[PDB]
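One structure is given below, encoded as structure tokens.
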Amino acid sequence: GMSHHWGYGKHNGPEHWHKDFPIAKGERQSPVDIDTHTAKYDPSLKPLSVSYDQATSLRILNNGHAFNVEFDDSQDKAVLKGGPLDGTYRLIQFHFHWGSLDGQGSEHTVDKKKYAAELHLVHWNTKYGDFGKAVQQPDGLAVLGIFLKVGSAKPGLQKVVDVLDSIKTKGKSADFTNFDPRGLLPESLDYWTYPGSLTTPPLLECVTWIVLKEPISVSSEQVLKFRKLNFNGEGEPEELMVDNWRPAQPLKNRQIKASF
Ligand SMILES: CC#CCOc1ccc(CNS(N)(=O)=O)cc1
Ligand SMILES: CC#CCOc1ccc(CNS(N)(=O)=O)cc1
Ligand SMILES: [Zn+2]
């Protein structure tokens, strides 16, 4: 990806991605709009199992598109299982997509409603050995998506908000140990699920999406800080990191299943 030049601006944004990543117009692209009335309850869906008690965070990185909180995934320490999944999926990192305004920012939408942001906890299927091999498989990744709305602060998110000052620009990273991702989950684990893709290039169709119904609330001050990050590297013209979300894509031949 040393020669990639995609982003979220008018000249290299989502409408341009297909020229270098033709799968952008594929059969199972993400995100999608979740039409709550058309999604069907699926009694065969097992309960979701989120086991993050032994999670080991390591670092937080601004990669020029968003910021990732990375985890040690060399052992089964933080895994997602159950729900629509077969097997064990390991947490490798989480990041967010957000807007320039509270009225937009999420990638998935619910009955066309856009949330202020969306958290993505990325996990890979351990049967494939490593993340690089997993992204080459139809069932290689499981991404847990959680909507963020603006209201009360999310206590569990503050440590993230406070370290952003240290990774303002692209390429900067900072030690970020002992962060507990369980502090970012809503109370209920009710979800919608459908087969999809990574929402940024390479847009590989290797994701089982699990989107929680219940959003979490964050304060205006918390999301305000996200909006102070930069897409650019240090010493470059400042372009605020905002609206780093891909709009909803055609559902095509897919059905969204509800666990409730
Ligand atoms: C200065 C300068 C320059 C080059 O600008 C671009 C614009 C759009 C693109 C398209 N990238 S894509 N197809 O990955 O979104 C690439 C380079
Ligand atoms: C080849 C390859 C690769 C890895 O590239 C990515 C791209 C996006 C993401 C995050 N995807 S999302 N936004 O759908 O959770 C993770 C890894
Ligand atoms: Zn994402």
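Labels for the structure tokens follow display order: chains A, B, ..., residues from 1 in each chain, ligands from 1.
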
Each residue of chain A lying at most 9 Å from ligand 2 should get a row with its shortest atom-to-atom pair and the distance in Å to one decimal, counting only C-alpha atoms and all ligand atoms; could you produce that, ordered by chain and increasing number, as a tab-separated table?
residue	atom	partner	partner_atom_place_in_ligand_line	distance
A:1	CA	ligand 2	1 (C)	8.5
A:30	CA	ligand 2	14 (O)	7.3
A:31	CA	ligand 2	14 (O)	7.9
A:93	CA	ligand 2	16 (C)	8.4
A:94	CA	ligand 2	15 (O)	7.7
A:95	CA	ligand 2	15 (O)	7.5
A:96	CA	ligand 2	13 (N)	7.9
A:97	CA	ligand 2	13 (N)	7.8
A:107	CA	ligand 2	13 (N)	8.6
A:119	CA	ligand 2	15 (O)	8.4
A:120	CA	ligand 2	15 (O)	5.2
A:121	CA	ligand 2	15 (O)	7.0
A:122	CA	ligand 2	15 (O)	5.8
A:131	CA	ligand 2	4 (C)	7.9
A:132	CA	ligand 2	2 (C)	6.4
A:133	CA	ligand 2	1 (C)	8.7
A:135	CA	ligand 2	2 (C)	6.3
A:136	CA	ligand 2	1 (C)	7.6
A:142	CA	ligand 2	15 (O)	8.8
A:143	CA	ligand 2	15 (O)	6.0
A:144	CA	ligand 2	15 (O)	8.3
A:145	CA	ligand 2	15 (O)	8.1
A:196	CA	ligand 2	14 (O)	8.7
A:197	CA	ligand 2	14 (O)	6.2
A:198	CA	ligand 2	14 (O)	3.3
A:199	CA	ligand 2	14 (O)	4.0
A:200	CA	ligand 2	8 (C)	5.0
A:201	CA	ligand 2	7 (C)	5.9
A:202	CA	ligand 2	1 (C)	6.1
A:203	CA	ligand 2	7 (C)	6.9
A:204	CA	ligand 2	1 (C)	7.5
A:207	CA	ligand 2	14 (O)	7.5
A:209	CA	ligand 2	14 (O)	8.6
A:245	CA	ligand 2	13 (N)	8.5
A:246	CA	ligand 2	13 (N)	8.8

Write the selection just made, keeping C-alpha atoms, as a PDB file, in the first residue's frame?
ATOM      1  CA  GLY A   1       0.000   0.000   0.000  1.00  0.00           C
ATOM      2  CA  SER A  30     -20.195  -2.469   3.365  1.00  0.00           C
ATOM      3  CA  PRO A  31     -21.525  -0.455   4.975  1.00  0.00           C
ATOM      4  CA  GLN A  93      -7.734  -3.666  16.849  1.00  0.00           C
ATOM      5  CA  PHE A  94     -10.592  -1.190  17.151  1.00  0.00           C
ATOM      6  CA  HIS A  95     -11.108   2.226  15.556  1.00  0.00           C
ATOM      7  CA  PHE A  96     -13.921   4.658  14.836  1.00  0.00           C
ATOM      8  CA  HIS A  97     -15.446   6.589  11.929  1.00  0.00           C
ATOM      9  CA  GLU A 107     -21.019   4.058   8.201  1.00  0.00           C
ATOM     10  CA  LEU A 119     -16.864   1.984  16.608  1.00  0.00           C
ATOM     11  CA  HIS A 120     -15.448  -1.066  14.826  1.00  0.00           C
ATOM     12  CA  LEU A 121     -13.861  -3.887  16.889  1.00  0.00           C
ATOM     13  CA  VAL A 122     -12.037  -5.962  14.268  1.00  0.00           C
ATOM     14  CA  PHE A 131      -4.877 -11.508   9.904  1.00  0.00           C
ATOM     15  CA  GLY A 132      -3.190 -11.289   6.507  1.00  0.00           C
ATOM     16  CA  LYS A 133      -4.472 -14.737   5.507  1.00  0.00           C
ATOM     17  CA  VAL A 135      -8.681 -11.111   4.945  1.00  0.00           C
ATOM     18  CA  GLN A 136      -8.382 -13.359   1.875  1.00  0.00           C
ATOM     19  CA  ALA A 142     -15.856 -10.544  12.201  1.00  0.00           C
ATOM     20  CA  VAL A 143     -16.327  -6.839  12.903  1.00  0.00           C
ATOM     21  CA  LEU A 144     -18.436  -5.743  15.874  1.00  0.00           C
ATOM     22  CA  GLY A 145     -19.952  -2.345  15.098  1.00  0.00           C
ATOM     23  CA  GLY A 196     -20.044  -7.811   3.977  1.00  0.00           C
ATOM     24  CA  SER A 197     -16.660  -6.173   3.468  1.00  0.00           C
ATOM     25  CA  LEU A 198     -13.964  -3.932   4.900  1.00  0.00           C
ATOM     26  CA  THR A 199     -15.352  -0.387   4.546  1.00  0.00           C
ATOM     27  CA  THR A 200     -12.023   1.062   3.430  1.00  0.00           C
ATOM     28  CA  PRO A 201      -9.713  -0.015   0.590  1.00  0.00           C
ATOM     29  CA  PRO A 202      -8.846  -2.805  -0.152  1.00  0.00           C
ATOM     30  CA  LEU A 203     -12.600  -3.289   0.532  1.00  0.00           C
ATOM     31  CA  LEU A 204     -12.120  -7.080   0.674  1.00  0.00           C
ATOM     32  CA  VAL A 207     -16.331  -9.699   6.856  1.00  0.00           C
ATOM     33  CA  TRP A 209     -20.747  -7.867  10.257  1.00  0.00           C
ATOM     34  CA  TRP A 245     -16.902   7.305   6.741  1.00  0.00           C
ATOM     35  CA  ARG A 246     -18.057   5.483   3.640  1.00  0.00           C
TER      36      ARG A 246
END

Kindly provide the residues of region 85-178 of chain A that approach region 34-55 of chain A to within 7 Å, each paired with its closest atom pair and their distance in Å to one decimal, based on only C-alpha atoms, listed by chain and increasing number, as JSON lines.
{"residue": "A:109", "atom": "CA", "partner": "A:34", "partner_atom": "CA", "distance": 5.9}
{"residue": "A:110", "atom": "CA", "partner": "A:34", "partner_atom": "CA", "distance": 4.8}
{"residue": "A:111", "atom": "CA", "partner": "A:35", "partner_atom": "CA", "distance": 4.8}

Practice task
Name the closest residue to ligand 3 among the candidates A:6, A:67, A:89, A:128; distances are taken between atoms, counting only C-alpha atoms and all ligand atoms.
Solution key: A:67

Fill in the blank from the handout: CA of residue 33 (chain A) sits from CA of residue 184 (chain A) at a separation of 22.8 Å

Practice task
Using only C-alpha atoms and all ligand atoms, determine which residues fall within 7 Å of ligand 1, then list them as a ChimeraX atom specification.
Solution key: /A:4-7,11-14,16-21

Check which residues of region 44-150 of chain A sit at most 12 Å from region 236-240 of chain A using only C-alpha atoms, and return one row each with the closest pair of atoms and their distance in Å to one decimal, ordered by chain and rising number, as JSON lines.
{"residue": "A:64", "atom": "CA", "partner": "A:239", "partner_atom": "CA", "distance": 10.4}
{"residue": "A:65", "atom": "CA", "partner": "A:240", "partner_atom": "CA", "distance": 10.7}
{"residue": "A:66", "atom": "CA", "partner": "A:240", "partner_atom": "CA", "distance": 11.0}
{"residue": "A:98", "atom": "CA", "partner": "A:240", "partner_atom": "CA", "distance": 11.6}
{"residue": "A:99", "atom": "CA", "partner": "A:240", "partner_atom": "CA", "distance": 10.6}
{"residue": "A:100", "atom": "CA", "partner": "A:240", "partner_atom": "CA", "distance": 9.0}

Problem - Long-range neighbours of region 185-189 of chain A as number ranges by chain, 12 Å cut-off, only C-alpha atoms, 2 positions minimum in chain - result: A: 46-52, 82-83, 118-121, 144-149, 154-157, 180-183, 191-192, 210-218, 258-260

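Between CA of residue 249 (chain A) and CA of residue 141 (chain A) the interatomic distance comes to 19.0 Å.
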
Practice task
Mind listing the strand (DSSP E or B) residues of region 42-243 of chain A, per DSSP on the backbone, as a ChimeraX atom specification?
Solution key: /A:48-51,57-62,67-71,79-82,89-98,109-110,113,117-125,141-150,173-175,191-196,207-212,216-218,230,240

Problem - Residues flagged alpha helix (DSSP H) by DSSP in region 11-160 of chain A, as an MDAnalysis selection string - result: chainID A and resid 131:134 158:160

Handout entry: Counting only C-alpha atoms, the option among A:81, A:159, A:108, A:168 closest to residue 228 (chain A)
Key = A:168
